[PDB]
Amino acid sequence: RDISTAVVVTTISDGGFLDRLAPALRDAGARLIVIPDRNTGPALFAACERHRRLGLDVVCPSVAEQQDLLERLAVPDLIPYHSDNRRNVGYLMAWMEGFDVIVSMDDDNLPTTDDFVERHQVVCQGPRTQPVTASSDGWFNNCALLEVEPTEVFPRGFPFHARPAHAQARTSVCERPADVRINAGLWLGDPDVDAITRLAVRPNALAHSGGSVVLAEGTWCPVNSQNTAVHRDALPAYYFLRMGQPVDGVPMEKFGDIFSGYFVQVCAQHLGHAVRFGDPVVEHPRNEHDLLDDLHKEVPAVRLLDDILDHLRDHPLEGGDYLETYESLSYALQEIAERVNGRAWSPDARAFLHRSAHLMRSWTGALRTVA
């Protein structure tokens, strides 16, 4: 095999999460790329050094080091300096060093099994004839693979127009070729639901009961960046979208991985690749913040997502690899920004897609500069 894996995490904490995260990473010999920020205290740097004494291939480049790498690649203004968007630095660094597997995690996720890194290496098994899951409505609820109380829930980013009729959707499994390049692992405790669902029923994930699935062509499901492995080929299409763009005056937030999860998914299907959902499952403790503020942050993106997802199914792309496909995707978003109709599509909402498309090319242009 001889597979290299790099875990990418951005944080502003003191580094205490490394105590319950390092053992699973250092046992598999995987590299951990911790991306600090301006508002990151010197305790995280000391915590990374201490865990490197204990035998962890951890790196924590200071904001000075990060700005130099982005400066050489002619992208000094691409990544903001007070946001979790800085995880793109860890994406770029792991892609530069040439890792096979890039695992994107948050600083509050804990692996629940010993084979955490091994289960994420499924994106490097290549194309096999394997059971792939299809849905008559083109959507798959990966939260249905879990035991959730008090009621059924959809993951964050799942389109709202498809939820009422999804209970009638036919689900079939067929033995077909598939090349898994993205593996989204599930989460116990507080699942990855949007702020709307969390305020309504406060879901609780008890256990992973549904196993693992591989979605077929035409069946989609939102992919996150808190427990997801991405093959280095698919990483150019995994650019964490920059937030802050106002929709009808209200800036969107906390949806960078919803767009990247769909974008790397659309790009993978154009190249005949698939997305996997299931194991490894992480421990995600419950929240502790302002859920009404989370709602006010997520609504601007939620108002647009259903329209953007519908137009992406009708926009065929081009490209031989992920860089060419992701750029063809950026041009598709600019055409979508002028065709889509709706009350939430004020001039600033349409301009959100146009600036995002430019930032997506600035990301790929920096990757071509590396190569």
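The first residue of the sequence shown is number 1, and the count goes up from there.
Looking at mean Cα B-factors across 217-225 and 164-172, the upper value is held by 164-172.
Per-stretch averaging of Cα B factors for 353-361 and 20-28 places 20-28 on top.
Among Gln334, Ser346, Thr40, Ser328, the highest C-alpha B-factor recorded in the PDB entry belongs to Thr40. Of the residues listed, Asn141, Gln265, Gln125, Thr133, the entry assigns the biggest Cα temperature factor to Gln125. Annotation for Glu288: CA B-factor lies in the highest third of the chain's modelled residues.
In the deposited entry, the Cα temperature factor of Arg242 sits in the bottom third of values across the chain's modelled residues. In the deposited entry, the Cα temperature factor of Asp257 sits in the bottom third of values across the chain's modelled residues. Split the chain's modelled residues into thirds by C-alpha temperature factor. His273 is in the middle one. In the deposited entry, the Cα temperature factor of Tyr81 sits in the top third of values across the chain's modelled residues.
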